[PDB]
Amino acid sequence: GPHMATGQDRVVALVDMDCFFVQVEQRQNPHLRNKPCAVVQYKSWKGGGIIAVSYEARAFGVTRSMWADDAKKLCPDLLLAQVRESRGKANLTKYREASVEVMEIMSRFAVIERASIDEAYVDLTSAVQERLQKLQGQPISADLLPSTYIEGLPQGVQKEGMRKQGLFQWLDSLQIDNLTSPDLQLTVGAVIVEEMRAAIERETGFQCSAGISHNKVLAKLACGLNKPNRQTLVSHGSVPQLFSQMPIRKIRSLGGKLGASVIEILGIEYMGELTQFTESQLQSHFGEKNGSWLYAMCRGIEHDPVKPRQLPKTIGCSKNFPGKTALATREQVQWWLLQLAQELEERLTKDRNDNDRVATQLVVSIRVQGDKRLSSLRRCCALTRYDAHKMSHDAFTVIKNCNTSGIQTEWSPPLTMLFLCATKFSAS
DNA sequence: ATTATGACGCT
DNA sequence: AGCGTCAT
Ligand SMILES: Nc1ncnc2c1ncn2[C@H]1C[C@H](O)[C@@H](CO[P@](O)(=S)OP(=O)(O)OP(=O)(O)O)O1
Ligand SMILES: [Ca+2]
Ligand SMILES: [Mn+2]
């Protein structure tokens, strides 16, 4: 009882942009606003591959990883914006720069952890404490939470009507005398996230969703519950009902083989069902670390910190060469290594000026035709100068005798992927 | 021919 | 180090 940790020590949010690359293109081109539209990479093969989809277009069944020609079968009036191509490859700079706009605004409110190009975790624990005793124990008005859902409420017929009804039940039950009530802390966190999201939209034009809970996994889960342009508070008390029908694969890190093994080995389907195993039972099947993590996580408890990191730790350039485009000659491999290295140099040089740091290691990865995996081979060398010709020459030297062909001018087996990655940054 | 990334774990 | 997993 008195000694049972409940994982209610922190207030953590996750802010995730709505259909991010699409909003970037819609800001630039007003003709795309409020339309079914998608962002596509390349064009010659099946109209290009879709990587982002507006909510209007999702209503027609358009999804990521769909060919545009196929999306057009579902949505004939679908509008498209193409990813920039430079040096023969897709170039994501516009979206990385739009990401920085958003991350810099979020950083004004609290320290953030960049979790992807379009989302960040926020540790709001300290900000909440400050706002709380600036409030003098004043009640929190529904007006301060105009886009907030309280997961699990109302309990005991507009969609907005349901939202407000749930919010009212929550606020009516809130205890404001205690400055250490976890539920109150989450509520103040939600107030701050409304402010953050309003600042993002005002200053960039971009809308986003957010989750507010006591840890990163619940905040991420919460965020997705009421997308787009809304935020969701998942309280500790909401967890048993929420998890009672929550497929295991929906929890971050359980979407792959581990999650499948939990389902298989234990013969369960939902996150809540994990509570019926001992910590040692879970460790026996899934390992010491995973076992302890699952034991806590199915009770809504997780301790992974919000890391103070706003900038990516690596800067990489990659390109696939599928089917008959697979690289089969030396000069082909060399030319594409150079294209990659030139984009990498551009990004590295910018990074050095912006962020006062230098990469020290170059990682070279390839895939060969007929191979199992994402990467067939990974090798490193020293990154001593931001020079594309040197980096491409060094990458070639490193992947040199992967070529099994006796013919030296020819390359076999053909390469279906090249990847250059700058790593191991040092302050400068 | 589901591409371009990017973080972290294992040994 | 080099490979694997999982995520966006
Ligand atoms: N698998 C993959 N390949 C290439 N690019 C991706 C992929 N997944 C996501 N992205 C890009 C393009 C997205 O706009 C952006 C953010 O991804 P997410 O958050 S999964 O989806 P969004 O497009 O922002 O819609 P949503 O968050 O509102 O559901 O990253
Ligand atoms: Ca998003
Ligand atoms: Mn995202």
Side-chain angles (χ1 to χ4, degrees), chain A residues 12-29 32-43 45-46 48-68 71 78-85 89-103 105-106 112-122 147 149 193 196-197 200-201 204-211 216-217 219-232 249-253 255-256 306 310 312 316-320 322 374 417 419:
Chain A
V12 175
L14 182 278
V15 178
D16 184 278
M17 309 304 298
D18 298 332
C19 53
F20 187 43
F21 289 13
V22 165
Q23 285 197 87
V24 176
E25 295 296 337
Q26 287 175 323
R27 180 177 71 171
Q28 188 180 323
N29 183 357
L32 303 178
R33 300 179 182 182
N34 303 300
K35 292 256 163 40
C37 63
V39 173
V40 70
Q41 266 172 344
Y42 304 114
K43 252 270 177 171
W45 188 266
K46 295 179 169 300
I50 291 176
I51 59 173
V53 188
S54 82
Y55 280 80
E56 296 81 355
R58 301 184 193 191
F60 290 80
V62 182
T63 64
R64 171 175 302 119
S65 99
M66 187 170 269
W67 302 115
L78 180 69
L79 301 180
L80 299 175
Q82 298 178 244
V83 173
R84 176 186 189 193
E85 281 178 54
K89 67 181 296 295
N91 191 297
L92 306 176
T93 297
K94 188 194 298 183
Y95 314 108
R96 285 191 189 99
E97 285 167 357
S99 179
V100 171
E101 292 182 65
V102 172
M103 307 289 169
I105 295 162
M106 298 180 61
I112 73 174
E113 176 183 344
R114 178 197 199 271
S116 78
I117 198 168
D118 92 318
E119 74 210 81
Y121 296 90
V122 201
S147 66
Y149 281 82
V193 174
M196 301 183 55
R197 290 182 47 248
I200 288 168
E201 181 171 13
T204 70
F206 303 142
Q207 287 182 350
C208 61
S209 298
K216 290 202 273 180
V217 162
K220 176 62 176 176
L221 186 66
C223 181
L225 294 180
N226 291 286
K227 276 195 164 266
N229 197 29
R230 298 289 184 268
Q231 54 182 65
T232 305
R249 66 178 178 274
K250 303 300 188 176
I251 276 64
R252 191 182 179 279
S253 82
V306 178
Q310 178 167 0
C317 293
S318 73
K319 182 164 176 54
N320 293 349
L374 177 35
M417 185 273 293
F419 193 0

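So you know, we letter chains A, B, ... as the sequences are listed, proteins then strands, and number each from 1. What you see below is based on every heavy atom in this structure, not just the backbone, and it leaves out hydrogens, waters and symmetry mates. In listed order, ligands and their atoms are each counted from 1.
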From [X] atom [atom1] to [Y] atom [atom2], the distance as rounded to the nearest 0.5 Å:
X: A/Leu32; Y: A/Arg27; atom1: CG; atom2: CZ; answer: 13.5 Å
X: A/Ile50; Y: A/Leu78; atom1: CD1; atom2: CG; answer: 6.0 Å
X: A/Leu80; Y: A/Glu25; atom1: CG; atom2: CD; answer: 11.0 Å

Return the minimal non-hydrogen interatomic distance between [X] and [Y], and the atom names on each side.
X: A/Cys37; Y: A/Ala57; answer: N-CB, 3.7 Å
X: A/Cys19; Y: A/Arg58; answer: CB-NH2, 3.6 Å
X: A/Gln23; Y: A/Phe206; answer: OE1-CA, 3.3 Å

Steps toward side-chain hydrogen bond (donor to acceptor under 3.5 Å, both in side chains) verdict (A/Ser209, A/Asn226): CA-CA 8 Å; A/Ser209 298; A/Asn226 291 286; over 6 Å; no
Is it the case that more than 12 heavy atoms not belonging to [X] sit under 6.0 Å from its [atom1] atom?
X: A/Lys250; atom1: NZ; result: no
X: A/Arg84; atom1: CZ; result: no
X: A/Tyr42; atom1: OH; result: yes

Per-residue contact class, A/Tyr55 against ligand 1 - non-hydrogen pairs under 4.0 Å: side chain
Among A/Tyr95, A/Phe206, A/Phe21, closest by any non-hydrogen atom to atom 14 (O) of ligand 1: A/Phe21
Candidate with minimal heavy-atom separation from atom 30 (O) of ligand 1, of A/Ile117, A/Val83, A/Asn229: A/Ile117
A/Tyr95 and A/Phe21 aromatic ring geometry - parallel, tilted or perpendicular at 30°/60° bounds: parallel
Min N/O separation A/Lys227 to ligand 1 under 3.5 Å: yes
Polar contact flag for A/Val53 and ligand 1 (N/O pairs, less than 3.5 Å): no
Under-2.8 Å protein N/O/S neighbours of the Mn ion (ligand 3), ordered by chain then residue number: A/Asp16 OD2, A/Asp118 OD1, A/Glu119 OE1
Student check: side-chain heavy atoms of A/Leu221 and A/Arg252 closer than 4.5 Å: no
Note, A/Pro312 side chain near A/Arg114 side chain (heavy atom, < 4.5 Å): yes
For atom 21 (O) of ligand 1, the protein heavy atom that lies nearest, with its residue and separation: A/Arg64 NH2, 3.2 Å
Short N-O contact, A/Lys43 and A/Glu85, less than 4.0 angstrom: no
Check each atom of ligand 1 against the heavy atoms of [X] and keep those under 4.0 Å away; list them by number with element.
X: A/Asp16; result: 19 (O), 27 (O)
X: A/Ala52; result: 14 (O)
X: A/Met17; result: 24 (O), 27 (O), 28 (O)

Residue from A/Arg197, A/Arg230, A/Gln207 passing side-chain hydrogen bond (donor to acceptor under 3.5 Å, both in side chains) with A/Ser147: A/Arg197
A/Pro228 heavy atom under 4.0 Å from ligand 1: no
Ligand 1 contacted by A/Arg58 (non-hydrogen, < 4.0 Å): yes
Listed protein N/O/S atoms, distance to the Ca ion (ligand 2) under 3.0 Å: A/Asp16 OD1, A/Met17 O, A/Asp118 OD2
